[PDB]
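The chain below stands alone and is given in structure tokens; this is the form deposited in one PDB entry.
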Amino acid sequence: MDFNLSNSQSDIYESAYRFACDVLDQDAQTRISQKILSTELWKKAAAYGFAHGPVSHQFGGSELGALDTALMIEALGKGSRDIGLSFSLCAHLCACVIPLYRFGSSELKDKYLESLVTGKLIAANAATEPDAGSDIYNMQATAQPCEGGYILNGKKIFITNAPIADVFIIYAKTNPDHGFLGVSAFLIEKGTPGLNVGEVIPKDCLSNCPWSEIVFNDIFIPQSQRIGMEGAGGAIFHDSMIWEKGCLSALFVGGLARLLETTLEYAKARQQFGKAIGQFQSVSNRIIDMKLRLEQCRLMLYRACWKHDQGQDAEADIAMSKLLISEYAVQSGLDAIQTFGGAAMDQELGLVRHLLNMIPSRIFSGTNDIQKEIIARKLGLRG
């Protein structure tokens, strides 16, 4: 039992924090105001190491564990205001790079993986459908086996990075008899005949992180573009979501550390009735809640990632961390706004934008109600 980072981990965190502050946070306000995802800046971040994670040196990666990867992402969330870009980059890492590395054939990895790890190519993960959100294994897109590969039809929605992606990691049914056991995963390139990528659909939350629908109209998928074995697509999706929930969520821990520092400074400086507003217990009690939340969810995050790195079953731990981080990120965003009062409306300071950016954290990679269902199942309550 030890609660210090190693020297190596401290160096990883500090280097990522410096890059986030000195590279990505530069001119963030202009990109945020204009709703710009700068692909050239995204690629520099990818190549720095944010697209690497556990990938081996063979493919340009850093062989990091889950805890190391989470520390880099926590630093990114604390140091850069451009959380939409950070979310886009981390989705590419956790839901696209990592499954290709963990399950792709040698041929597929040799063709695509280093390009994704360096950001030469941007990827999008396409699983969710109009009638398959939480009930993902109800997906209806079909990859019908045929001579030489598959014929793919269907529609995916809510696809982060789709408007800017060069490749798509898609999940579809190769056996409509089954749910989970009937899904396979495939890599398809932008421009393939029959792949219709929709225009960006605007949103107020994470507003410069592009998403859109994609429609498959009779796409031919060559056999060599299947990721993993036939029917393994549910397991591949599940594994990718463990990585996304475990490490991507660290963004919001770093964002909460930043928010709490801003909120503490204001509560010490702003005076009403002849005293700092932090001296009123209505004000300080909320700030203490923010502090309590930050410390608890950071420890839960670190333990979930450490358990994964030890080879232990961390599924419940990752569901608990994803739930706590996202709940605490939203609640603390509300508490920071309450601390500032009318001053919270300022768009430069961005407290309201911060709350908006935290709202989807309770939805992405499985809603928090679904996290409770996962934990309930691990506790024996779904037998």
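Between two forms, the rigid core is defined as the largest C-alpha subset superposing within 1.5 Å. Residue positions are given as counts along the sequence shown, with the first one as 1.
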Review point. Where the other entries model residues on both sides, is residue 128 skipped in at least a third?
Key: no
Check your understanding: When the other PDB entries of this protein are compared, is residue 246 left blank in at least a third of them?
Key -> no
Point to revise | Comparing 139 to 147 with 71 to 79, the one whose average Cα B-factor in the PDB entry is higher | key: 139 to 147
Practice item. Check the entry's C-alpha temperature factors for 290 to 298 and 200 to 208, then say which stretch has the higher mean. Key: 200 to 208
Exercise for review: Please work out which residue in 164, 108, 91, 256 has the highest C-alpha B-factor recorded for this crystal structure.
Suggested key: 108
Exercise for review: Please work out which residue in 316, 336, 352, 323 has the highest C-alpha B-factor recorded for this crystal structure.
Suggested key: 316
Review point. Where does residue 184 sit by CA temperature factor within its chain: lowest, middle or highest third?
Key: middle
Revision key, fill the gap. On the chain's distribution of Cα B-factors, residue 278 falls within the third called lowest
Practice item. Divide the modelled residues of the chain into thirds by Cα B-factor and specify which third, lowest, middle or highest, holds residue 55. Key: highest
Revision key, fill the gap. Binned into thirds over the chain's modelled residues, the C-alpha B-factor of residue 245 lands in the middle
Review point. Lowest, middle or highest third: where is residue 251 by Cα B-factor in its chain?
Key: lowest
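Only in words, not in the display: the form deposited in another entry, which the text now covers.
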Point to revise | Shifted position (C-alpha, 2 Å or more, core held fixed) between the shown form and the other one, chosen from 284, 105, 153, 118 | key: 284
Point to revise | Core-superposed C-alpha of residue 373 shifting 2 Å or more between the shown form and the other one | key: yes
Practice item. Answer yes if the CA of residue 274 moves 2 Å or more between the shown form and the other one after aligning the rigid core, and no otherwise. Key: yes
